[PDB]
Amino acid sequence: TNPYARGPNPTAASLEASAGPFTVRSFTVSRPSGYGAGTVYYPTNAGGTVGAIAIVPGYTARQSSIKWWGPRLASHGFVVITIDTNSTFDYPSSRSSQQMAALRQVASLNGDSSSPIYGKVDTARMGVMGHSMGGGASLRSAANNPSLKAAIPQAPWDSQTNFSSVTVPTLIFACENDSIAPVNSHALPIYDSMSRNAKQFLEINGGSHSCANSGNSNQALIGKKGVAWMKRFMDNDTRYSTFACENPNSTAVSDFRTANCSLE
């Protein structure tokens, strides 16, 4: 039996719903260390320790742009920290350092008797997500920290596209009509550079640059795939292998690619 498995057996409906089975609470980090601000979302009743995920917004953006992931993931059994960066003008490398600092503070708070997440986190199981320059940050975090269990960059942007050293299971969300981080020069080549990992590419049909941000019209599909990816790879939960590795068969998807994804 998988010591990391949490929650009931998944269905398409359970993954497409606004919330998973678990009750979610949140709090603001009092003295953020290494980043600007943070909100921690956590399940109150997960039935065991859970992995943690740090999410970074893009340039000139704030927590609001990515915060829909907080409740969506936490309600399926993850601790999620959404952050503001030291400056909204920070570039990917700086964003990556702050993303890892956010994971470190979640791990420290796990050992803080006064924190709401005291003893709730399996601090060996961590993941990274982020939008555009925060997606580049997540890729840098994965390349520099191979012990990370999963990475989900959305509409990624960086000054380079070669992330060939990444061995972390990486799911890239791309927005077909993105004019800020065009898929042909960003998301697609970044996806194609990784030959050493489980990976996936899901492009949203007709999507603009913000197609996976808070308020998007595809939270059923995007949330299904993000939660399934984190379940399969952060929890080793093979109940989610089909949901994580399959073509979703959606008219909202204009391009789907995947490699080294079990599907068993």
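Numbers for residues come from their place in the sequence shown, where the first is 1.
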Stretch with the higher entry mean CA B-factor, where the candidates are 53 to 61 and 209 to 217: 209 to 217
Higher-B stretch (mean Cα B-factor, as the entry records it), 42 to 50 or 195 to 203: 42 to 50
Top residue by Cα temperature factor, when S141, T167, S87, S114 are compared in the entry: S114
Given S132, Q98, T82, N110, the residue at which the Cα B factor reaches its maximum: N110
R125, C-alpha B-factor rank within chain (lowest, middle or highest third): lowest
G119, C-alpha B-factor rank within chain (lowest, middle or highest third): highest
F233 - which third its CA temperature factor falls in, relative to the rest of the chain: middle
Chain-relative CA temperature factor third for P71: highest
Where the record places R239 (Cα B-factor, split into thirds across the chain): middle
